[PDB]
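> protein_35.txt is reproduced in full below (compact mmCIF, N, CA and C atoms).
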```txt
# COMPACT_ATOMS: atom_id res chain seq x y z
N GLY A 1 70.99 114.28 107.15
CA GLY A 1 71.73 114.54 105.93
C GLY A 1 73.13 113.96 105.96
N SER A 2 73.77 113.90 104.80
CA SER A 2 75.12 113.37 104.70
C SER A 2 76.06 114.37 104.04
N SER A 3 77.17 114.67 104.71
CA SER A 3 78.14 115.62 104.20
C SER A 3 79.54 115.01 104.18
N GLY A 4 80.43 115.60 103.39
CA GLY A 4 81.79 115.10 103.30
C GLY A 4 81.85 113.68 102.77
N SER A 5 82.07 112.73 103.67
CA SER A 5 82.16 111.32 103.29
C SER A 5 81.55 110.43 104.37
N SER A 6 80.65 109.54 103.95
CA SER A 6 79.99 108.63 104.87
C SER A 6 79.96 107.21 104.31
N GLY A 7 80.60 106.29 105.02
CA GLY A 7 80.63 104.90 104.58
C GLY A 7 79.39 104.13 104.99
N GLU A 8 78.37 104.15 104.14
CA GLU A 8 77.13 103.44 104.43
C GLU A 8 76.50 102.90 103.15
N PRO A 9 75.82 101.75 103.27
CA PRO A 9 75.16 101.10 102.13
C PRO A 9 73.95 101.89 101.63
N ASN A 10 74.18 102.76 100.65
CA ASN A 10 73.11 103.57 100.09
C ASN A 10 72.93 103.28 98.60
N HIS A 11 71.83 103.77 98.03
CA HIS A 11 71.54 103.57 96.62
C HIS A 11 71.56 104.89 95.86
N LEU A 12 71.37 104.82 94.55
CA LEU A 12 71.36 106.02 93.71
C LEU A 12 70.29 107.01 94.18
N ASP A 13 70.73 108.21 94.53
CA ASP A 13 69.81 109.25 94.99
C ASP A 13 70.02 110.55 94.21
N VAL A 14 69.07 110.86 93.33
CA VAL A 14 69.15 112.07 92.53
C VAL A 14 67.81 112.80 92.50
N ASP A 15 67.78 113.95 91.83
CA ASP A 15 66.56 114.74 91.72
C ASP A 15 66.00 114.69 90.31
N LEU A 16 64.68 114.54 90.21
CA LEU A 16 64.01 114.47 88.91
C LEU A 16 64.62 115.47 87.94
N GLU A 17 64.84 116.69 88.41
CA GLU A 17 65.42 117.74 87.57
C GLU A 17 66.75 117.30 86.99
N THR A 18 67.55 116.61 87.80
CA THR A 18 68.86 116.13 87.36
C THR A 18 68.74 115.33 86.07
N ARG A 19 69.66 115.58 85.14
CA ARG A 19 69.66 114.88 83.86
C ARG A 19 70.60 113.68 83.90
N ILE A 20 70.42 112.77 82.95
CA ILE A 20 71.26 111.58 82.87
C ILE A 20 71.95 111.47 81.51
N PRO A 21 73.29 111.53 81.52
CA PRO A 21 74.09 111.44 80.30
C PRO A 21 74.05 110.05 79.68
N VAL A 22 73.97 110.00 78.35
CA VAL A 22 73.93 108.73 77.64
C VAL A 22 74.66 108.82 76.30
N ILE A 23 75.46 107.81 76.00
CA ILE A 23 76.21 107.78 74.75
C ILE A 23 75.59 106.82 73.75
N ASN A 24 75.07 107.36 72.66
CA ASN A 24 74.44 106.55 71.62
C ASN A 24 75.39 105.46 71.13
N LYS A 25 74.83 104.34 70.69
CA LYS A 25 75.62 103.23 70.19
C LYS A 25 75.59 103.17 68.66
N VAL A 26 74.48 103.63 68.09
CA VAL A 26 74.32 103.63 66.64
C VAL A 26 75.28 104.62 65.98
N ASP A 27 75.18 105.88 66.37
CA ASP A 27 76.04 106.92 65.82
C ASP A 27 77.24 107.17 66.73
N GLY A 28 76.97 107.27 68.03
CA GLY A 28 78.04 107.51 68.99
C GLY A 28 78.04 108.94 69.51
N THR A 29 76.85 109.50 69.69
CA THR A 29 76.71 110.86 70.18
C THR A 29 76.47 110.88 71.69
N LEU A 30 77.19 111.75 72.39
CA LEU A 30 77.05 111.86 73.84
C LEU A 30 76.06 112.96 74.20
N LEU A 31 75.15 112.66 75.12
CA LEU A 31 74.15 113.62 75.56
C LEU A 31 74.49 114.17 76.95
N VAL A 32 74.55 115.49 77.06
CA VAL A 32 74.86 116.13 78.33
C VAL A 32 74.00 117.38 78.54
N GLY A 33 73.71 117.69 79.80
CA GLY A 33 72.90 118.85 80.11
C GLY A 33 71.50 118.74 79.55
N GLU A 34 71.08 119.76 78.80
CA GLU A 34 69.75 119.77 78.20
C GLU A 34 69.61 118.66 77.17
N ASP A 35 70.70 118.35 76.48
CA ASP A 35 70.70 117.31 75.46
C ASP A 35 70.24 115.98 76.05
N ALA A 36 70.55 115.76 77.32
CA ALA A 36 70.17 114.53 78.00
C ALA A 36 68.77 114.64 78.60
N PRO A 37 68.06 113.50 78.66
CA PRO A 37 66.71 113.44 79.21
C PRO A 37 66.68 113.66 80.72
N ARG A 38 65.48 113.64 81.30
CA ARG A 38 65.32 113.83 82.73
C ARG A 38 65.18 112.49 83.45
N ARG A 39 65.93 112.32 84.53
CA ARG A 39 65.89 111.09 85.31
C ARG A 39 64.45 110.62 85.49
N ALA A 40 63.58 111.54 85.88
CA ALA A 40 62.17 111.21 86.10
C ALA A 40 61.56 110.56 84.86
N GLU A 41 61.59 111.28 83.74
CA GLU A 41 61.04 110.77 82.49
C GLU A 41 62.02 109.83 81.81
N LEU A 42 63.04 109.41 82.55
CA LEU A 42 64.06 108.51 82.01
C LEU A 42 63.45 107.16 81.65
N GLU A 43 62.44 106.74 82.40
CA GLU A 43 61.77 105.47 82.15
C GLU A 43 60.99 105.51 80.84
N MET A 44 60.08 106.48 80.73
CA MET A 44 59.27 106.63 79.53
C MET A 44 60.15 106.95 78.32
N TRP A 45 61.34 107.47 78.58
CA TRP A 45 62.27 107.82 77.51
C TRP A 45 63.06 106.60 77.06
N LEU A 46 63.49 105.78 78.02
CA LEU A 46 64.26 104.58 77.72
C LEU A 46 63.37 103.51 77.10
N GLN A 47 62.10 103.85 76.90
CA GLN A 47 61.15 102.91 76.31
C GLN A 47 61.22 102.95 74.78
N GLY A 48 61.14 104.15 74.22
CA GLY A 48 61.20 104.31 72.78
C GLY A 48 62.51 104.92 72.31
N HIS A 49 63.30 105.42 73.26
CA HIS A 49 64.58 106.04 72.94
C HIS A 49 65.73 105.27 73.58
N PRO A 50 65.55 103.95 73.73
CA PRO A 50 66.56 103.07 74.33
C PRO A 50 67.79 102.91 73.43
N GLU A 51 67.79 103.61 72.30
CA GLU A 51 68.90 103.54 71.36
C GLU A 51 70.18 104.09 71.99
N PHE A 52 70.04 104.72 73.15
CA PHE A 52 71.18 105.29 73.85
C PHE A 52 71.60 104.40 75.02
N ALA A 53 72.67 104.81 75.71
CA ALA A 53 73.17 104.05 76.84
C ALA A 53 73.81 104.97 77.88
N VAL A 54 73.39 104.83 79.13
CA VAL A 54 73.92 105.65 80.21
C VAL A 54 75.44 105.59 80.25
N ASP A 55 76.08 106.74 80.07
CA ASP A 55 77.54 106.81 80.09
C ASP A 55 78.09 106.29 81.41
N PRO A 56 79.21 105.56 81.33
CA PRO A 56 79.87 104.99 82.52
C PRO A 56 80.50 106.05 83.40
N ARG A 57 80.91 107.16 82.78
CA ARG A 57 81.54 108.25 83.51
C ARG A 57 80.64 108.73 84.65
N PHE A 58 79.33 108.69 84.42
CA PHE A 58 78.36 109.12 85.43
C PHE A 58 78.30 108.13 86.59
N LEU A 59 78.05 106.86 86.26
CA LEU A 59 77.97 105.82 87.27
C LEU A 59 79.18 105.85 88.19
N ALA A 60 80.36 105.64 87.62
CA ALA A 60 81.60 105.66 88.39
C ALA A 60 81.61 106.80 89.39
N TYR A 61 81.48 108.03 88.89
CA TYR A 61 81.48 109.21 89.74
C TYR A 61 80.79 108.92 91.07
N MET A 62 79.52 108.54 90.99
CA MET A 62 78.74 108.23 92.19
C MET A 62 79.51 107.29 93.11
N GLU A 63 79.75 106.07 92.63
CA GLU A 63 80.47 105.07 93.41
C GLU A 63 81.56 105.73 94.25
N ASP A 64 82.45 106.47 93.60
CA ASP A 64 83.54 107.16 94.28
C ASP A 64 83.08 107.69 95.63
N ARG A 65 81.98 108.45 95.62
CA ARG A 65 81.44 109.03 96.85
C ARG A 65 81.61 108.07 98.02
N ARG A 66 81.20 106.82 97.83
CA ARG A 66 81.31 105.81 98.87
C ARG A 66 82.74 105.32 99.01
N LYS A 67 83.37 105.02 97.87
CA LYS A 67 84.75 104.54 97.87
C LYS A 67 85.56 105.20 98.98
N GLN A 68 85.60 106.52 98.97
CA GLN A 68 86.34 107.27 99.98
C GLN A 68 85.73 107.07 101.36
N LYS A 69 86.54 107.23 102.40
CA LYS A 69 86.08 107.07 103.77
C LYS A 69 87.03 107.76 104.75
N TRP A 70 86.64 107.79 106.02
CA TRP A 70 87.46 108.42 107.05
C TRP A 70 87.51 107.56 108.31
N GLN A 71 88.44 107.88 109.20
CA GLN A 71 88.59 107.13 110.44
C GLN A 71 89.29 107.97 111.51
N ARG A 72 89.05 107.64 112.77
CA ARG A 72 89.66 108.36 113.88
C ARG A 72 90.55 107.44 114.71
N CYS A 73 91.19 108.01 115.73
CA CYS A 73 92.07 107.24 116.60
C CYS A 73 91.27 106.54 117.70
N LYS A 74 91.95 105.72 118.49
CA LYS A 74 91.31 104.99 119.57
C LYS A 74 91.30 105.82 120.85
N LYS A 75 90.67 105.29 121.89
CA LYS A 75 90.59 105.98 123.18
C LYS A 75 91.83 105.69 124.02
N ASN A 76 91.89 106.30 125.20
CA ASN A 76 93.02 106.11 126.10
C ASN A 76 92.56 106.06 127.55
N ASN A 77 93.42 105.53 128.42
CA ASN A 77 93.09 105.43 129.84
C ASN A 77 93.70 106.59 130.63
N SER A 78 93.30 106.71 131.89
CA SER A 78 93.80 107.77 132.75
C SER A 78 95.14 107.39 133.37
N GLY A 79 95.75 108.33 134.09
CA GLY A 79 97.02 108.08 134.72
C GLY A 79 97.75 109.35 135.10
N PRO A 80 98.21 110.10 134.09
CA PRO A 80 98.93 111.36 134.30
C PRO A 80 98.03 112.46 134.84
N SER A 81 98.64 113.56 135.27
CA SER A 81 97.88 114.69 135.81
C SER A 81 97.92 115.88 134.84
N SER A 82 96.86 116.68 134.87
CA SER A 82 96.76 117.85 134.00
C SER A 82 97.99 118.73 134.14
N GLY A 83 98.34 119.06 135.38
CA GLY A 83 99.50 119.90 135.63
C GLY A 83 100.62 119.65 134.64
```
Kindly present the structure from the file in structure tokens form.

Amino acid sequence: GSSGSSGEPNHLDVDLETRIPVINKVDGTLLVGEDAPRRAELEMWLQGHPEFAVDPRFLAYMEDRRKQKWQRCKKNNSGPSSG
């Protein structure tokens, strides 16, 4: 599993249950929560309901996850005494 922040080349990973927000282009209505379709049925939905468009706010969010990263210090040699 991955926690906190991990700098690795990964792809979009979500759960079928998870919904996908989309902002209509014809009228301009934003879909969120129940209003938005299901990632799983997103394919069959984007077939006849392609009149919408996945909001950018969602995409960006994900990216960020990777954007951030962490780092530690280098090692050292011996010499001094514990005392």
> As a PDB file with N, CA and C atoms, in the coordinates of the input, please: every residue in chain A that DSSP puts in helix (DSSP H, G or I).

```pdb
ATOM      1  N   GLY A  33      73.710 117.690  79.800  1.00  0.00           N
ATOM      2  CA  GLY A  33      72.900 118.850  80.110  1.00  0.00           C
ATOM      3  C   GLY A  33      71.500 118.740  79.550  1.00  0.00           C
ATOM      4  N   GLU A  34      71.080 119.760  78.800  1.00  0.00           N
ATOM      5  CA  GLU A  34      69.750 119.770  78.200  1.00  0.00           C
ATOM      6  C   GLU A  34      69.610 118.660  77.170  1.00  0.00           C
ATOM      7  N   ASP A  35      70.700 118.350  76.480  1.00  0.00           N
ATOM      8  CA  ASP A  35      70.700 117.310  75.460  1.00  0.00           C
ATOM      9  C   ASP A  35      70.240 115.980  76.050  1.00  0.00           C
ATOM     10  N   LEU A  42      63.040 109.410  82.550  1.00  0.00           N
ATOM     11  CA  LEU A  42      64.060 108.510  82.010  1.00  0.00           C
ATOM     12  C   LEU A  42      63.450 107.160  81.650  1.00  0.00           C
ATOM     13  N   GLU A  43      62.440 106.740  82.400  1.00  0.00           N
ATOM     14  CA  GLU A  43      61.770 105.470  82.150  1.00  0.00           C
ATOM     15  C   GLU A  43      60.990 105.510  80.840  1.00  0.00           C
ATOM     16  N   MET A  44      60.080 106.480  80.730  1.00  0.00           N
ATOM     17  CA  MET A  44      59.270 106.630  79.530  1.00  0.00           C
ATOM     18  C   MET A  44      60.150 106.950  78.320  1.00  0.00           C
ATOM     19  N   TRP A  45      61.340 107.470  78.580  1.00  0.00           N
ATOM     20  CA  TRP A  45      62.270 107.820  77.510  1.00  0.00           C
ATOM     21  C   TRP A  45      63.060 106.600  77.060  1.00  0.00           C
ATOM     22  N   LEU A  46      63.490 105.780  78.020  1.00  0.00           N
ATOM     23  CA  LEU A  46      64.260 104.580  77.720  1.00  0.00           C
ATOM     24  C   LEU A  46      63.370 103.510  77.100  1.00  0.00           C
ATOM     25  N   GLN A  47      62.100 103.850  76.900  1.00  0.00           N
ATOM     26  CA  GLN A  47      61.150 102.910  76.310  1.00  0.00           C
ATOM     27  C   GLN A  47      61.220 102.950  74.780  1.00  0.00           C
ATOM     28  N   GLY A  48      61.140 104.150  74.220  1.00  0.00           N
ATOM     29  CA  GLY A  48      61.200 104.310  72.780  1.00  0.00           C
ATOM     30  C   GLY A  48      62.510 104.920  72.310  1.00  0.00           C
ATOM     31  N   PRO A  56      79.210 105.560  81.330  1.00  0.00           N
ATOM     32  CA  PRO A  56      79.870 104.990  82.520  1.00  0.00           C
ATOM     33  C   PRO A  56      80.500 106.050  83.400  1.00  0.00           C
ATOM     34  N   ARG A  57      80.910 107.160  82.780  1.00  0.00           N
ATOM     35  CA  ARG A  57      81.540 108.250  83.510  1.00  0.00           C
ATOM     36  C   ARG A  57      80.640 108.730  84.650  1.00  0.00           C
ATOM     37  N   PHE A  58      79.330 108.690  84.420  1.00  0.00           N
ATOM     38  CA  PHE A  58      78.360 109.120  85.430  1.00  0.00           C
ATOM     39  C   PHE A  58      78.300 108.130  86.590  1.00  0.00           C
ATOM     40  N   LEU A  59      78.050 106.860  86.260  1.00  0.00           N
ATOM     41  CA  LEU A  59      77.970 105.820  87.270  1.00  0.00           C
ATOM     42  C   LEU A  59      79.180 105.850  88.190  1.00  0.00           C
ATOM     43  N   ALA A  60      80.360 105.640  87.620  1.00  0.00           N
ATOM     44  CA  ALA A  60      81.600 105.660  88.390  1.00  0.00           C
ATOM     45  C   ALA A  60      81.610 106.800  89.390  1.00  0.00           C
ATOM     46  N   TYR A  61      81.480 108.030  88.890  1.00  0.00           N
ATOM     47  CA  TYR A  61      81.480 109.210  89.740  1.00  0.00           C
ATOM     48  C   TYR A  61      80.790 108.920  91.070  1.00  0.00           C
ATOM     49  N   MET A  62      79.520 108.540  90.990  1.00  0.00           N
ATOM     50  CA  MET A  62      78.740 108.230  92.190  1.00  0.00           C
ATOM     51  C   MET A  62      79.510 107.290  93.110  1.00  0.00           C
ATOM     52  N   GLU A  63      79.750 106.070  92.630  1.00  0.00           N
ATOM     53  CA  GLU A  63      80.470 105.070  93.410  1.00  0.00           C
ATOM     54  C   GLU A  63      81.560 105.730  94.250  1.00  0.00           C
ATOM     55  N   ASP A  64      82.450 106.470  93.600  1.00  0.00           N
ATOM     56  CA  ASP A  64      83.540 107.160  94.280  1.00  0.00           C
ATOM     57  C   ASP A  64      83.080 107.690  95.630  1.00  0.00           C
ATOM     58  N   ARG A  65      81.980 108.450  95.620  1.00  0.00           N
ATOM     59  CA  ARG A  65      81.440 109.030  96.850  1.00  0.00           C
ATOM     60  C   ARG A  65      81.610 108.070  98.020  1.00  0.00           C
ATOM     61  N   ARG A  66      81.200 106.820  97.830  1.00  0.00           N
ATOM     62  CA  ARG A  66      81.310 105.810  98.870  1.00  0.00           C
ATOM     63  C   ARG A  66      82.740 105.320  99.010  1.00  0.00           C
ATOM     64  N   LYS A  67      83.370 105.020  97.870  1.00  0.00           N
ATOM     65  CA  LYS A  67      84.750 104.540  97.870  1.00  0.00           C
ATOM     66  C   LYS A  67      85.560 105.200  98.980  1.00  0.00           C
TER      67      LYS A  67
END
```
> When DSSP works through the backbone of this structure, what residues of chain A end up as strand (DSSP E), shown as a list in words?
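After running DSSP on the backbone, chain A has strand (DSSP E) at residues 22, 23, 30 and 31 of chain A.
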> A:58, A:9, A:74, A:41: which is nearest residue 22 of chain A, counting only C-alpha atoms?
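The closest residue to residue 22 of chain A is A:58.
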> Provide an axis-aligned box for all listed atoms of segment 35-46 of chain A, padding each side by 8 Å; report its centre and its edge lengths in Å to one decimal, as AutoDock Vina command-line options.

```
--center_x 65.0 --center_y 110.9 --center_z 80.8 --size_x 27.4 --size_y 30.8 --size_z 26.6
```
> Show me, as a list in words, the residues that have an atom within 8 Å of residue 16 of chain A when counting all atoms listed in the file, minus same-chain residues fewer than 6 positions from it.
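My list of contacting residues is residues 37, 38, 39, 40 and 41 of chain A.
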> One decimal, in Å: what's the spacing between atom N of residue 68 of chain A and atom CA of residue 21 of chain A?
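Answer for the atom N of residue 68 of chain A to atom CA of residue 21 of chain A separation: 22.5 Å.
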> Which residue gives the smallest distance to residue 31 of chain A among A:73, A:44, A:59, A:53, with only C-alpha atoms counted?
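Among the listed residues, A:53 lies closest to residue 31 of chain A.
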> Just the number, please: distance in Å from atom CA of residue 10 of chain A to atom CA of residue 32 of chain A, one decimal.
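Computed distance, atom CA of residue 10 of chain A to atom CA of residue 32 of chain A, equals 25.2 Å.
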> Suppose you want the space between atom CA of residue 49 of chain A and atom CA of residue 63 of chain A; what is it in Å?
25.9 Å
> I need the residue nearest residue 55 of chain A from this list: A:5, A:30, A:43, A:11. Use only C-alpha atoms for the distance.
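For residue 55 of chain A, the nearest of the candidates is A:30.
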> Which residue out of A:56, A:78, A:69, A:51 has the minimum interatomic distance to residue 25 of chain A when all atoms listed in the file are used?
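Between A:56, A:78, A:69, A:51, the residue approaching residue 25 of chain A most closely is A:51.
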